2 protein chains.
Amino acid sequence: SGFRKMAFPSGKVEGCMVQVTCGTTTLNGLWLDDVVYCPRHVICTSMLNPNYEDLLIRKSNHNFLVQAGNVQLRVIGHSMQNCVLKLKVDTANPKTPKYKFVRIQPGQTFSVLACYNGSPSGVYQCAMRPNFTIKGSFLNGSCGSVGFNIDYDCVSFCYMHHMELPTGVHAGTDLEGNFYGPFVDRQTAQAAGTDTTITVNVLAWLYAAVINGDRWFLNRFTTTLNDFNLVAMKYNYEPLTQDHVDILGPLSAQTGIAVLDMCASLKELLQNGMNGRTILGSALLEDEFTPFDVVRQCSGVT
Amino acid sequence: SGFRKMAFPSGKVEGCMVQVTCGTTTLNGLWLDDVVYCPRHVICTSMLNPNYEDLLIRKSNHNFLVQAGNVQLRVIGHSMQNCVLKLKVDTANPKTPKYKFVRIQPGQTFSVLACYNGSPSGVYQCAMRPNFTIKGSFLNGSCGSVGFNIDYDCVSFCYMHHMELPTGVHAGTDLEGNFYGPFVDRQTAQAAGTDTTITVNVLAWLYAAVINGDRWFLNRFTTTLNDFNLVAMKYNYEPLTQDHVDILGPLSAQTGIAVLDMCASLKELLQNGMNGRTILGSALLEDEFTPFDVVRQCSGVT
Ligand SMILES: *C(=O)c1ccc2[nH]ccc2c1
Ligand SMILES: *C(=O)c1ccc2[nH]ccc2c1
């Protein structure tokens, strides 16, 4: 029993975190096999409209100081891939896990290993919001921290941290260096666009709550998908699709509550609020747990 | 910016997790140097009033199967220490970190590495509640999962998981095998006692919110410690002491808001509610972040 924001164990990623320094800029890099990946912003200096192709042509291998704990790694090649740099080093990381570089969808979750000066500091769960930002926790020095999921000892890296936007939310790239969302690694007035609530995730979390014994929000009503989606639009929730209904199939069967029956509960919660009650220790409707997250953590017993 | 429930990186603990099997019971153990620590419940069978001294006298070393990944560890000694067992093995764990066994106080937080069959599954933050339970997330097979904090590469182990109580909350021991709270490792009608809210933690989290730009709950008023404590009693909050005020000193100085000024905000929130607003993404007053947790995660800039 219980339900927590639960990250994947971070050990496989900790053994890949290094420090990259170019001039007076220090940030984090990811060392896999004989390559270190880091944000190309490490080659910036005193910001408005940098030409990174020029900045990189002017660098030499010896300009990049890479430190893995107390060992310096000799850089033997450098190249740019979109908004990341690839620093080839003379030593393969003996701790490299099985890994993949995946790009995630908005509404999916991942674990973040926040690092500073190449040293891991903390681990937490994040979701990619519909507007392609993440609500992270990052301070100065966090550039190059990574996001990931783990499946049967394979690490799927999905996020490298770059910047903080004016509202305090965060933006970054996949490990191919392509930004999530309409953001750029330079100084502009860019801001997060309007966001929405991830409906399928809210429904998954109501299922988690039922599995854990919170039932007060259930009711005898069932709604249609079309009628529910009319309510979702009013409250800035994303539309629910039949694929979403299908994905919720296992949790629906385990609790015996049809997906469209739970939707009638969600409509009532949106229209009435909670009237002073809580669900899984929260007084708001939580949207940062996917159906997979609920299945991973919650009992399987039907 | 940002504020998340952030665990310590779990790698140093993952390398210590093993599987202990005695008969048809399997659970987790912690392998440090040449000793494996696990709940003594592993020697139970088909529960009401076990005499563990008798159960252990009837065991031999060969009855305990210890597996570290795909390597079996040969047990060469066994002994009981309160509610844990100490299984001496013929091999020191080459991955043992610097460590200490500490016992924590109610109101303090730690990270939990949830494990199953000796394999780590997830990591999350927990607080020891005033009634000595934890609100964890654990399924069958989780016995022997551990709680810990990390400080300059030293792991302070503070919790080993034993059981789930009827309300779904959890109880366990320190690594000396002494239970937190009035609980026992046998079948009884034991239940969690009445709980309270951890006032100093709520104040720390309001400071986190100020540091992160949420200011709507601030006001021009200051209260006395005695008058605040009258309000705390009414709302089932713990009393605030001068030591608590002192501990909040650094956060008070960083934000420029005196502790007793913030207390006037907390009184108003308790008496009026939030009127539809949120603080750090929550619609309730959060009490599972200590002042140390806030300092660890939040900007230091005054
Ligand atoms: C770190 O990767 C970083 C710092 C500041 C920035 N501004 C635009 C992109 C970045 C990246
Ligand atoms: C596991 O350590 C465990 C399972 C069930 C129990 N009942 C009382 C104590 C325990 C411990």
Side-chain angles (χ1 to χ4, degrees), chain A residues 1-15 17 95 111-115 119-126 134-140 142 150 153 164-170 208 212-214 273-274 276 278 280-286 288 293 296-300, chain B residues 1-15 17 95 111-115 119-126 134-140 142 150 153 164-170 208 212-214 273-274 276 278 280-286 288 293 296-300:
Chain A
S1 295
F3 196 68
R4 283 281 185 184
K5 284 276 185 55
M6 170 175 319
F8 287 106
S10 53
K12 286 174 173 64
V13 178
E14 293 168 49
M17 299 310 304
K95 297 175 196 183
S111 300
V112 170
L113 181 66
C115 301
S119 284
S121 178
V123 68
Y124 55 86
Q125 279 301 96
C126 264
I134 71 171
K135 295 171 175 294
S137 179
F138 287 123
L139 301 173
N140 254 265
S142 58
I150 305 189
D153 287 333
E164 180 167 297
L165 297 171
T167 51
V169 303
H170 295 106
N212 270 278
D214 273 336
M274 305 200 188
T278 58
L280 289 177
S282 179
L284 55 77
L285 303 166
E286 296 286 336
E288 295 197 359
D293 293 343
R296 174 187 158 211
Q297 200 181 149
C298 285
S299 189
Chain B
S1 295
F3 196 68
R4 283 281 185 184
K5 284 276 185 55
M6 170 175 319
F8 287 106
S10 53
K12 286 174 173 64
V13 178
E14 293 168 49
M17 299 310 304
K95 297 175 196 183
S111 300
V112 170
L113 181 66
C115 301
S119 284
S121 178
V123 68
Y124 55 86
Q125 279 301 96
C126 264
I134 71 171
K135 295 171 175 294
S137 179
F138 287 123
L139 301 173
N140 254 265
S142 58
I150 305 189
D153 287 333
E164 180 167 297
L165 297 171
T167 51
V169 303
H170 295 106
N212 270 278
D214 273 336
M274 305 200 188
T278 58
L280 289 177
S282 179
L284 55 77
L285 303 166
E286 296 286 336
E288 295 197 359
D293 293 343
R296 174 187 158 211
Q297 200 181 149
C298 285
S299 189

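Because only heavy atoms are used, hydrogens play no part in the values below, and waters and symmetry mates are left out as well, while side chains stay in. All chains are named by letter (A, B, ...) in the order of the sequence lines, taking the proteins before the strands, and each is independently numbered beginning at 1.
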Under a 4.5 Å cutoff for heavy-atom pairs, which residue among A:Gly168, A:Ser282, A:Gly273 has the most contacts with chain B?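 Sorted descending by pairs with chain B, the first entry is A:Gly168.
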message: Under a 4.5 Å cutoff for heavy-atom pairs, which residue among A:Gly15, A:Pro120, A:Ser121, A:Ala114 has the most contacts with chain B?
response: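 Looking at each option in turn, the highest pair count goes to A:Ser121.
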At a heavy-atom separation under 4.5 Å, does B:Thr278 approach chain A through its side chain, its backbone, both, or neither?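 Just the side chain, heavy atoms under 4.5 Å.
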Where on A:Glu14 is there a heavy atom nearer than 4.5 Å to chain B: the side chain, the backbone, both, or neither?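 For A:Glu14, side-chain heavy atoms alone lie under 4.5 Å from chain B.
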Please look at A:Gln125 and chain B and tell me whether the side chain, the backbone, both or neither of the residue comes under 4.5 angstrom of a heavy atom of that chain.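 Only the backbone of A:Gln125 comes within 4.5 Å of chain B.
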Heavy-atom side-chain proximity of [X] to [Y] below 4.5 angstrom:
| X | Y | answer |
| --- | --- | --- |
| B:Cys126 | A:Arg4 | yes |
| B:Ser10 | A:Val123 | no |
| B:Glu288 | B:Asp293 | no |

Checking A:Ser119 now: which residues fulfil side-chain contact (heavy atoms from CB on, under 4.5 Å) with it, not counting sequence neighbours?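 If we apply the side-chain contact (heavy atoms from CB on, under 4.5 Å) test to A:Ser119, skipping adjacent residues, there are no hits.
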So which residue, B:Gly2, B:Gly11, B:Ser1, ends up with the most heavy-atom pairs under 4.5 Å with chain A?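 Highest number of pairs under 4.5 Å: B:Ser1.
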Worksheet item: Taking atom NZ of A:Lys5 and atom OG of A:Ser111, what is their separation to the nearest 0.5 Å?
Response: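 Here the interatomic distance stands at 11.5 Å.
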